[PDB]
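One letter stands for each residue in the lines below.
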Amino acid sequence: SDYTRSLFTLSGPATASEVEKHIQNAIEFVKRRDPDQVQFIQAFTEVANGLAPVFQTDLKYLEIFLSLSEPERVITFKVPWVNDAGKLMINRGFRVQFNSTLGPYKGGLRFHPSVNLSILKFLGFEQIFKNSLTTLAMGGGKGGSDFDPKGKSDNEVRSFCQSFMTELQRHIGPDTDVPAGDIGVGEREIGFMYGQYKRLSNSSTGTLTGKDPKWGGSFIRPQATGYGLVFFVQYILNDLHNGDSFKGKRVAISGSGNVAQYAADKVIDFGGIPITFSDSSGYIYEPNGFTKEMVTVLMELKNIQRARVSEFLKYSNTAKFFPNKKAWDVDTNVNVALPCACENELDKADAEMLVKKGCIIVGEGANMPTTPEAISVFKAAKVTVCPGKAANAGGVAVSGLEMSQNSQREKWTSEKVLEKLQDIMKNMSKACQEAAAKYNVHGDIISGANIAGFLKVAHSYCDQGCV
Amino acid sequence: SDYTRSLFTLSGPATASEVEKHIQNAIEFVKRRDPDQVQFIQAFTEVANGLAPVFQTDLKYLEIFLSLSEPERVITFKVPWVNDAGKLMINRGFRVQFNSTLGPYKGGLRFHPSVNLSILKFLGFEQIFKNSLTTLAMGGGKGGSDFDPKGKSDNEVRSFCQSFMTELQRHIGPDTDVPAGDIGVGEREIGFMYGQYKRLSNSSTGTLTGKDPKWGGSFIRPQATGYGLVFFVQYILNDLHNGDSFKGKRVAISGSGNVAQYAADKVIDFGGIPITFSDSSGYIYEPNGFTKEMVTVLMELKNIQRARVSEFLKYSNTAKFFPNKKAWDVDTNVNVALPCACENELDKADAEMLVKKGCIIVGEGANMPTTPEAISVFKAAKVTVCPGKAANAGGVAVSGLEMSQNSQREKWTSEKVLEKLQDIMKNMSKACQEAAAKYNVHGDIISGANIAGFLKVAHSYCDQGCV
Amino acid sequence: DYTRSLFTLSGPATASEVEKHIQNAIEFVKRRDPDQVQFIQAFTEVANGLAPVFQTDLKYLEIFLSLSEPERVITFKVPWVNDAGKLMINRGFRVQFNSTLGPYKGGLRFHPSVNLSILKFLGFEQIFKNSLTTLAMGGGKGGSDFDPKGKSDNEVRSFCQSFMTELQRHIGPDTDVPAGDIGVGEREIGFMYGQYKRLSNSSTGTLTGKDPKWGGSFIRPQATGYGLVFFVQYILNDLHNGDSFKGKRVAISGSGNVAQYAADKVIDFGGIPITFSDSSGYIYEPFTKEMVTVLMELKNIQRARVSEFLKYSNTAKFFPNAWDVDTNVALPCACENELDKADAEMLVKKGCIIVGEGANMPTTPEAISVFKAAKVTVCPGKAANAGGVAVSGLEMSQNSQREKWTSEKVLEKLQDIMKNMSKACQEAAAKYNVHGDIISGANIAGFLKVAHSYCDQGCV
Ligand SMILES: NC(=O)c1ccc[n+]([C@@H]2O[C@H](COP(=O)([O-])OP(=O)(O)OC[C@H]3O[C@@H](n4cnc5c(N)ncnc54)[C@H](OP(=O)(O)O)[C@@H]3O)[C@@H](O)[C@H]2O)c1
Ligand SMILES: NC(=O)c1ccc[n+]([C@@H]2O[C@H](COP(=O)([O-])OP(=O)(O)OC[C@H]3O[C@@H](n4cnc5c(N)ncnc54)[C@H](OP(=O)(O)O)[C@@H]3O)[C@@H](O)[C@H]2O)c1
Ligand SMILES: NC(=O)c1ccc[n+]([C@@H]2O[C@H](COP(=O)([O-])OP(=O)(O)OC[C@H]3O[C@@H](n4cnc5c(N)ncnc54)[C@H](OP(=O)(O)O)[C@@H]3O)[C@@H](O)[C@H]2O)c1
């Protein structure tokens with residue numbers, strides 16, 4: 001029942017070495033088209049290599065992957081605005097509308113002086129497949145500006161947000177493109193942009209996500225990524241570790257932001273014991289673990305005071321702080337590791353420590369926390385690694401549930417949103433295992449997440465005539 | 001109260017003979033407007049004759065009926081496309097937007113060399129009143145082209161589908177007109193047309209039904225018509241036969257396609273015993289019935305092997321095959337007959353056999369299976385006949401549920417779709433019973449389906465000012 | 001100035017200070033687009049030509065910098081199926097740079113070399129060339145890396161239709177009117193117009209370069225050559241005290257459409273075209289209208305060399321491997337950098353008083369210094385070869401009026417555009433204290449009309 005077979009030049013099975021040669025030809029082609037987009041080339045390389053098992057079954061999938069690598073539409077535009085000194089400023093705005101096969105373009109907006117086309121293309125490309133994994137009808141996109149919010153008054157941010165949306169509104173809509181927040185775009189910016197969009201469009205629709213619950217926002221948004229991480233690991237523990245669970249397990253958490261805080265809260269609900277938190281200055285350790293009340297104290301320190309983790313020692317006599325050390329160094333048995341801080345935070349040496357300390361599963365809350373060599377250590381040790389692209393998708397999944405609520409003109413209760421998120425992570429975990437088994441890398445959830453995300457997009461793309 | 005009375009020339013009660021004359025005047029008027037639309041004239045005649053009891057209460061309903069017989073909008077358009085040899089081809093495309101009183105125009109697309117305006121008008125006119133019966137907010141329409149898919153490559157169908165949708169997209173939309181599949185338009189064509197519509201409109205909406213579950217499709221689509229038939233008959237048995245049920249009932253099913261297969265499955269869920277299946281070559285018979293396992297084997301033979309019913313004897317020692325005979329000929333008591341093969345399959349002699357064999361109810365899975373002379377035999381014998389326009393509407397009902405899921409941006413589970421389909425058939429059966437009791441006679445479900453479908457449109461038409 | 005308070009830089013500056021500020025502007029442009037080599041060079045060259053304006057008020061350098069950011073750039077995937085039935089994906093672009101003076105206007109280029117940096121450089125320069133025409137046209141440029149060579153007519157048709165299926169969403173008669181360029185001629189304009197009309201369900205002037213049977217204009221082939229002669233003639237009257245082409249021996253380089261029709265209009269003005277050229281060599285006849293027709297037919301149908309025509313004229317002489325022929329007005333109409341320092345000294349010694357550029361940048365910088373010292377006026381190409389874009393604007397006017405003009409009416413309007421363009425260049429040169437420098441005057445006039453209008457409109 002393949003109606004698009006004739007369109008593709010490459011076809012049929014291939015050996016592993018043949019597939020790498022074809023992947024190299026694809027990477028070179030991407031290089032020639034965009035010679036200096038370093039981040040985008042690297043993202044294409046990583047995703048392609050993660051799909052090698054699929055390409056071995058049929059090389060047509062590599063051709064589909066290459067055709068998806070070209071964005072459907074990119075809009076770059078001048079943004080004029082007047083600052084509080086009365087001077088004209090000009091910034092660059094972007095919206096990369098990468099793929100809409102499974103639904104409207106979906107993806108955050110980043111306001112940061114480092115923003116450029118290469119960065120937004122790399123984030124938008126990966127966003128296609130993370131959004132695919134949520135099982136929701138969402139395509140992939142990303143946008144933003146080189147506008148730097150730092151040092152700017154509230155009114156200057158309002159002026160820029162209004163000018164930025166004056167152009168962007170022409171290209172977005174509730175069934176077309178639904179942007180969201182990112183670095184530099186939080187509740188303040190989403191509100192300013194929503195007001196401008198509503199005024200110009202003369203409509204109240206779900207054209208942005210991350211909105212305040214008072215006007216179209218959703219519950220569980222702050223907790224989504226941390227909770228979704230724990231839901232995913234809990235389901236992987238049951239399915240792959242023969243009925244195991246978080247109950248009674250000591251959990252080493254890195255990071256102390258929203259992902260780490262709310263992952264800790266859900267671990268406690270499941271009976272686990274979170275023992276560590278961390279930041280760039282060091283890590284704190286509670287030998288008998290953190291309680292919900294203790295996590296609340298930490299949340300106030302990080303979210304209100306924006307303090308270092310060492311400050312928690314003022315509130316707990318049992319807590320110990322270790323400067324310039326990672327959470328993985330803690331001297332105690334650790335049964336579960338949840339890196340929720342930043343990319344490359346868990347390296348080869350960290351993985352070797354955790355294996356000896358008794359770690360059975362790793363759950364990635366941050367993006368690409370585990371180094372390639374650390375993943376090799378865990379694979380050899382038979383320690384399951386839950387990939388971030390599936391496990392940390394709770395935030396975008398709730399963004400889709402926000403679109404659903406706006407489409408339904410109904411605000412769900414917090415309990416209903418939480419049930420929907422857990423069920424999404426349940427279905428996502430099953431899809432990863434099934435994809436891994438079908439392609440003969442059983443138990444490789446990292447491969448299963450790459451395969452499941454890509455294949456739904458690829459098959460639908462051919463269903464739709466490859467346009 | 002009555003706010004439109006002054007608008008109508010015909011009014012008031014009328015005798016049966018007066019109504020017969022007025023129907024003739026209406027038919028002649030329809031002929032003069034479209035002298036050579038043979039199928040449309042016949043469709044207008046058959047629906048009109050089924051509504052005589054309503055016209056006897058108030059002739060204004062005949063004037064409303066005549067006004068509904070003129071489509072709100074018909075669009076015909078040239079469709080240029082280039083075949084695989086590089087030669088320009090021109091086909092004719094159509095969209096008959098017949099009525100939108102109860103909701104957006106809803107109806108399938110047919111690609112077949114026989115397609116013309118008269119055929120699409122007859123299907124679109126009748127579709128108004130079946131879609132009304134689903135209780136859902138759907139109008140009536142039909143479209144397609146004289147394009148002949150036979151002998152065409154996948155690429156040639158893709159080329160035609162894109163050019164066809166290039167024009168059609170201008171006249172349809174999620175709140176305006178939602179086409180679907182039909183003969184010559186299956187998933188391949190729905191996929192190709194959806195991709196083109198998405199590209200031109202720059203939107204992801206439920207503007208087509210019959211979509212794949214990966215991008216906006218619904219569960220229960222294969223099972224919808226067979227399940228809905230059994231749901232409808234079950235409710236008629238409870239309401240009209242004083243708590244009767246499918247439990248313990250021997251069910252003679254004709255046909256061996258999708259309707260027959262899934263009707264048997266739902267019969268088993270309700271405790272009935274399906275004893276027969278049939279095709280053009282003959283019928284097979286199981287004295288003690290078919291199990292779900294036996295139906296599964298039959299489904300594989302028909303859907304994959306494309307075999308005849310006789311092949312099933314290879315898998316069952318209890319099965320018996322009778323060549324060149326109808327399922328109604330089976331020598332055993334039959335309590336329920338479900339004709340699911342084709343029009344006019346159950347004639348006067350077959351009905352006389354079925355009454356003597358103990359048949360208490362007939363449920364039409366196919367279109368017009370029961371001949372007029374067979375219906376008279378059933379009426380005298382007090383055998384309930386469930387009209388097909390209500391009993392086989394499960395497919396269109398699920399298409400409405402697909403629109404609901406797209407509007408809500410939420411994919412329902414199989415179980416939720418099935419419950420909603422069952423509730424639709426419950427309210428449809430109650431409405432048919434109530435209309436028959438109020439206007440013609442208790443237990444005449446055929447009259448009740450004609451009346452209930454028409455009156456919801458007619459009263460809504462007057463509510464809306466007859467525009 | 002209602003916008004004075006908006007600008008950080010203000011007030012007069014010395015020549016060295018302007019050089020410092022221009023360098024700061026260039027560095028800012030590089031960091032934003034580090035690898036857009038052609039665009040950086042384009043920003044640099046245009047900025048240096050405006051240094052006299054910047055010295056009067058640094059506000060203009062800040063305006064120039066804000067103009068260097070496109071209003072809108074759209075890049076899009078173009079899927080199409082070739083004659084073998086295989087899916088092909090190409091990249092399409094539309095750089096909508098500036099709309100201050102009117103709808104975005106600029107050609108479409110289909111060539112494998114096409115990329116964002118090139119289209120930005122052409123689109124930026126197009127803003128100021130279109131401003132010089134005096135017509136209400138902004139600046140833009142677009143195209144695709146699609147390569148027409150080796151493609152069948154049907155493959156070009158399929159690509160053009162898919163390309164326009166996306167492009168139609170962003171263009172329109174009052175919004176953006178694309179045109180042809182390398183790789184986009186009558187064939188492609190026709191295919192794209194058909195797709196646009198079908199999707200938009202309208203017949204409007206959203207493309208220029210259209211066939212006269214459906215919205216096209218006369219004088220389209222002849223515009224650039226005719227406009228060059230008009231511009232030089234008006235400069236001769238204005239700056240050389242009533243001088244004219246009549247009786248003047250005209251050394252013309254090249255043998256394309258520009259050189260041919262420039263020769264035809266030179267003859268109409270009473271001048272004597274003495275030279276033509278090709279890459280293999282140049283011919284010199286101590287030519288008539290009949291001879292030019294033969295030369296055009298021989299070159300345009302046979303695709304022959306100029307030497308082949310020398311067999312057809314006994315008076316013609318061919319020199320293998322145009323300024324070198326010696327005899328008692330120079331019009332370079334062949335290619336860039338064709339006129340070097342030594343050639344300028346040759347021509348000055350031969351007595352040439354005016355140079356008219358039909359090609360892009362024919363005269364080297366060192367040659368311009370030689371002509372400047374000799375007081376030989378050089379008419380910049382960006383004004384003199386703008387006749388094609390001017391007639392494209394006249395095509396928009398005819399479409400807006402739903403009236404097809406006679407050939408005579410189109411030609412009169414093209415001539416009047418060049419009369420007003422030459423005056424605007426001269427007056428700008430006088431106001432900024434470089435009298436007779438038509439090159440600077442063309443740079444100044446094109447920029448100032450956009451910049452002042454940009455401030456009038458609130459700098460949005
Ligand atoms: N929706 C989401 O939130 C979401 C979803 C998927 C992935 N992610 C990824 O998750 C990470 C951030 O999660 P978040 O939202 O909780 O962000 P956040 O609020 O910035 O928290 C990040 C935490 O990591 C810490 N950190 C950074 N570098 C570190 C290092 N080298 N060693 C130890 N701690 C370090 C930070 O401490 P300092 O304050 O000292 O830097 C902070 O406590 C990023 O990688 C992000 O891309 C987030
Ligand atoms: N499924 C739906 O969406 C839907 C909805 C409403 C109404 N219907 C109607 O229901 C009927 C069947 O639908 P389906 O989906 O089951 O189609 P199908 O898959 O073609 O099955 C039709 C069955 O009837 C048999 N048949 C045809 N002519 C016959 C004859 N003269 N005597 C005995 N058997 C005969 C066919 O056997 P052969 O292979 O020998 O022909 C086949 O097994 C048609 O009237 C259709 O229009 C279907
Ligand atoms: N035509 C327009 O609409 C237009 C408008 C504005 C500006 N221009 C500019 O004008 C220039 C030429 O335009 P065109 O219409 O004449 O193009 P064309 O019709 O292709 O003719 C160009 C001619 O120049 C010749 N040539 C190339 N390099 C040469 C060299 N080094 N010495 C002598 N001759 C050389 C070529 O001779 P061969 O036959 O041996 O190749 C060719 O015949 C280009 O720079 C173009 O951008 C054109």
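Reading the values: the criteria
The numbering shown runs from 1 along each chain in the order of its written sequence and may not match that of the entry; residues for which no coordinates exist are omitted. The lettering of chains begins at A and the numbering of ligands begins at 1, in the order of writing. Remember that the shown chains come from a larger assembly, so read each value as a statement about the shown part. With hydrogens and water excluded, all non-hydrogen atoms of the structure serve as input to the side-chain values. Residues with missing side-chain atoms are left out of burial classes, side-chain pairs and their counts. UniProt positions are given in the numbering used here, feature names are shortened, and annotations may be inferred rather than shown by experiment. Under the DSSP-based scheme used, a helix requires at least four consecutive residues in state H or I and a strand at least two consecutive residues in state E, with every element numbered from the N terminus. Only protein chains enter the accessibility calculation, which uses a 1.4 Å probe. A residue is then buried if its area is under 20% of the maximum for its type, exposed if over 50%, and partly exposed in between. Contacts were defined at the residue level, with two residues in contact if any of their heavy atoms lie within 4.5 Å. Each reported salt bridge corresponds to a side-chain nitrogen of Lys or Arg within 4 Å of a carboxyl oxygen of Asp or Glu. Working definition: residue near molecule or strand if any one of its non-hydrogen atoms lies within 4 Å of it. Two N or O atoms count as a polar contact when they lie within 3.5 Å, although within protein this holds only if one can serve as hydrogen donor and the other as acceptor, and sequence-adjacent residues are included solely when both atoms are side-chain atoms. Each accessible area is a Shrake-Rupley estimate made with a 1.4 Å probe; only the visible protein chains count as cover when residues are assessed. By the convention adopted, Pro, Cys, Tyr, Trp, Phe, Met, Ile, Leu, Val and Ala count as nonpolar, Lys, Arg, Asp and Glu as charged, and the other residues, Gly among them, as polar. Pairing of aromatic rings covers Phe, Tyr and the six-membered ring of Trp, with a centre-to-centre limit of 6.5 Å; geometry is then stacked below 30 degrees between planes, edge-to-face above 60, and tilted otherwise.

**With respect to the UniProt feature "binding site: NAD(+)" (unreviewed entry) in chain C**
Residues and elements named next belong to chain C. UniProt marks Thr224 and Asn257 with the feature "binding site: NAD(+)" (unreviewed entry), using the numbering shown here. For this annotated set, covering 34 residues, all C-alpha atoms fall within 8.2 Å of each other, a compact arrangement in space. Mapping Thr224 onto the fold places it in helix α8 (residues 223-239). Within the fold, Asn257 resides in helix α9 (residues 257-268). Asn257 gets classed as partly exposed once you look at its relative accessible area, which sits at 43%.

**A short note on the UniProt feature "binding site: NAD(+)" (unreviewed entry) in chain A**
Residues and elements named next belong to chain A. In the numbering used here, UniProt assigns the feature "binding site: NAD(+)" (unreviewed entry) to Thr225 and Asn258. Residue position: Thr225 is located in helix α8 (residues 224-240). Non-local contacts of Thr225, meaning those with residues more than four positions away in its chain, are made with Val259, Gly365, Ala391, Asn392, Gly394 and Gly395. Here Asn258 shows up in helix α9 (residues 258-269). A residue is classified by how much of its surface remains accessible, and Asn258, at 38% relative accessible area, is partly exposed. Excluding residues that lie within four positions of it along the chain, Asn258 makes contacts with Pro222 and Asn303.

**Some details on the pattern of salt bridges**
Overall, the coordinates contain 74 salt bridges over all chains when judged by the stated rule. Of the charged contacts, one joins C:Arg91 and A:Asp34 as a salt bridge, the two residues approaching to 2.9 Å between their closest N and O atoms. Residue C:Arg91 is found in strand β2 (residues 87-98), and its partner A:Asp34 is found in the loop between α1 (16-33) and α2 (38-50); the two belong to separate chains. Its relative accessible area of 7% is what places A:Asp34 among the buried residues. Where B:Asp350 meets B:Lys326, a salt bridge forms, and the shortest distance between an N and an O atom there is 3.1 Å.

**Re the site of ligand 3**
Residues and elements named next belong to chain C. Surveying the vicinity of ligand 3 reveals 13 residues, the closest of which are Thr224, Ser279, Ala334, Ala359 and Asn360. The contact in question runs from an oxygen atom of ligand 3 to an N or O atom on the side chain of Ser279, over 3.0 Å. Contacts to ligand 3 include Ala334, whose backbone N or O atom sits 3.4 Å from an oxygen atom. Relative to its unbound accessible area of 900 Å², ligand 3 is 49% covered by the protein chains. For the shell around ligand 3, the class distribution of residues is 4 nonpolar, 8 polar and 1 charged.

**What about the side chain of B:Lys211?**
Residue and element names in this part refer to chain B. As for its position among the elements, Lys211 is in the loop between α7 (187-201) and α8 (224-240). Using a relative accessible area of 1% as the deciding quantity, one classes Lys211 as buried. A distance of 2.8 Å separates polar atoms of two side chains, one belonging to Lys211 and the other to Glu402. A distance of 2.9 Å separates the side chain of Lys211 from the side chain of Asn406, its partner in a polar contact. When residues no more than four places from it in sequence are discounted, the contact partners of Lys211 are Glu187, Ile190, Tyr194, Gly206, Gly216, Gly217, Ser218, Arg221, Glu402 and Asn406.

**Quick look at the packing of aromatic side chains**
Enumeration over the complete set of coordinates arrives at 80 aromatic pairs over all chains. Residues B:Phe55 and B:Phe454 carry aromatic rings whose centres are separated by 6.4 Å and whose planes lie at 85° to one another, so their mutual orientation is edge-to-face. Here the residue B:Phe55 occupies a position in helix α3 (residues 52-57), and B:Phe454 occupies one in helix α16 (residues 445-463), the gap between them amounting to 399 residues. By the burial criterion, B:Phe55 is buried, and B:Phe454 matches it. A centroid spacing of 4.9 Å and a plane angle of 40° characterise the contact between C:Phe43 and C:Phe64, whose relative ring orientation is tilted.

**Brief notes about the UniProt feature "active site" (unreviewed entry) in chain C**
Residues and elements named next belong to chain C. UniProt marks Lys141 with the feature "active site" (unreviewed entry), using the numbering shown here. Its relative accessible area of 5% is what places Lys141 among the buried residues. Among all residues touching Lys141, those that are not within four sequence positions of it are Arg94, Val95, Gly106, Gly107, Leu119, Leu122, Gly123, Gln126 and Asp181.

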